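Just so it is clear, none of the values below were taken in a lab; they were calculated from the coordinates. Here the Cβ positions follow ideal geometry from the backbone for every residue, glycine too, while neighbour counts run over all protein chains shown.
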Amino acid sequence: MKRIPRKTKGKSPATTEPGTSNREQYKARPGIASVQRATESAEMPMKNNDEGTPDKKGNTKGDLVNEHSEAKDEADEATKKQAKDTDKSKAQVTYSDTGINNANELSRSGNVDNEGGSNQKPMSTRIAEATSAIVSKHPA
Amino acid sequence: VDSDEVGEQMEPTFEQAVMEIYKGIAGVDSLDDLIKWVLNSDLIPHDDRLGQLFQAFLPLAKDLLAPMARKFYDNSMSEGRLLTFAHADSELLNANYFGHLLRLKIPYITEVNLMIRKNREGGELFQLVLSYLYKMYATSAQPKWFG
């Protein structure tokens, strides 16, 4: 039997024919290694964006920030990452402080639940308080 | 007197300090990682990452090697006239060296002379990076032929 592990946590006669000699004198142009490292980065899938979505408990995850503010901060993070990738103090290509007045741009955040309400209090906490206001105890 | 003679005056020589520089760079966790980061598979510095290598390395040299070199040369002059070898003239300039100063070059590829020379301590590629760092450390002056 062959067993394969999981990458994710689960529920729980002369034989020297005359053409085989090696005479490698060819240097690939462009080089193999360079293009290999280049395509290695493009291979990678785009990152997940879980923020703003509920979890198994029902409470949405993410940060409690205004969505406009998170859009701006998230653009700034991208600019910083671009600068780091280019190995310069400045990023030559910027995602923020452009000429475009993208003031109305919104981005997903953990601030707003699926009902359009605010996450000032976790959803499970709201359910608990609502259900605990009706309980009755044994008679005196 | 050999160029490296100043190196072992300190119990941790200059070379292991250069090796330990890597801890000051984000995204690098080992000297090997530093080597594969700074070179582009053709033994060429990326001409930018070597920038931050110099950024980190220069304070080490100018704050540790220079004073000990100053004392070493001061004592060395006492025994009499000597032939002194160095790797970059700025070493001698910053050490306030006394005597005739000569910058000499060679009709060879010096860089290839390293990685064939086996039995290296930190790996040959480290020696290549070190040589590049010294060459960047040198001043702007035309070196005469060694002959």
Extending each Cα 7 Å along its Cβ direction at B:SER140 and A:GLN36, get the distance between those two points in nm, one decimal. 4.1 nm
Neighbours of B:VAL38 by Cβ distance under 13 Å: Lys/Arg at +1, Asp/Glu at -1, summed charge -4
Taking every pair of distinct Cα atoms and averaging 1/r, then inverting, what Kirkwood hydrodynamic radius in Å comes out for region B:103-147? 11.9 Å
Using every Cα-Cα pair within the protein assembly as shown, state what percent have a distance larger than 23 Å. 75 percent
Which residue, chosen from B:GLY99, B:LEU58, B:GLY24, occupies the Cα position most advanced towards the positive end of the dipole of region B:1-142, where the dipole is computed from +1 (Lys, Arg) and -1 (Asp, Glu) charges on Cβ about the Cα centre? B:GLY99
Return a whole-number percent for the relative contact order of region B:59-125, with Cα pairs under 8 Å and 6 or more residues apart as the contact set. 28 percent
In Å and whole numbers, how far do the C-alpha atoms of region A:77-124 stretch along each principal axis, longest first? 46, 24, 13
Computed from the beta carbon distance with a Förster radius of 45 Å, FRET efficiency for A:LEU64 and B:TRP37 to the nearest 0.05 stands at 0.75
Quotient of C-alpha Rg and 2.2 N^0.38 Å, computed over region B:11-147: 1.13
Relative contact order (percent) for chain B, with alpha-carbon contacts under 8 angstrom and 6 or more residues of separation? 26 percent
Starting from the Cα of B:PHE85, step 7 Å along the direction of its Cβ; do the same at A:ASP87; then give the gap between the two resulting points in nm. 3.1 nm
For B:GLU121 and B:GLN52, what is the calculated FRET efficiency with R₀ set at 25 Å and r taken between the beta-carbons, to the nearest 0.05? 0.60
What percent of all Cα-Cα pairs in chain A falls into each 10 Å bin, going from 0 up to the bin containing the maximum distance? 8, 17, 20, 19, 14, 9, 7, 4, 1, 1, 0
Can you compute the charge dipole magnitude of chain B about its Cα centre, using +1 on each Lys and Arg Cβ and -1 on each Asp and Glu Cβ, nothing else charged? Give it in debye, rounded to the nearest 20. 520 debye
Could you check which residue among B:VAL38, B:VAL28, B:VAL112 shows the biggest mean-square fluctuation in a GNM of chain B with a 10 Å Cα cutoff? B:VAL112
How long are the three semi-axes of the equivalent ellipsoid of region B:34-98, in whole Å, if each is the root of 5 times an eigenvalue of the C-alpha gyration tensor, listed from largest down? 32, 13, 8
Points 7 angstrom from Cα along the Cβ direction at B:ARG70 and A:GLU115: gap in nanometres? 7.4 nm
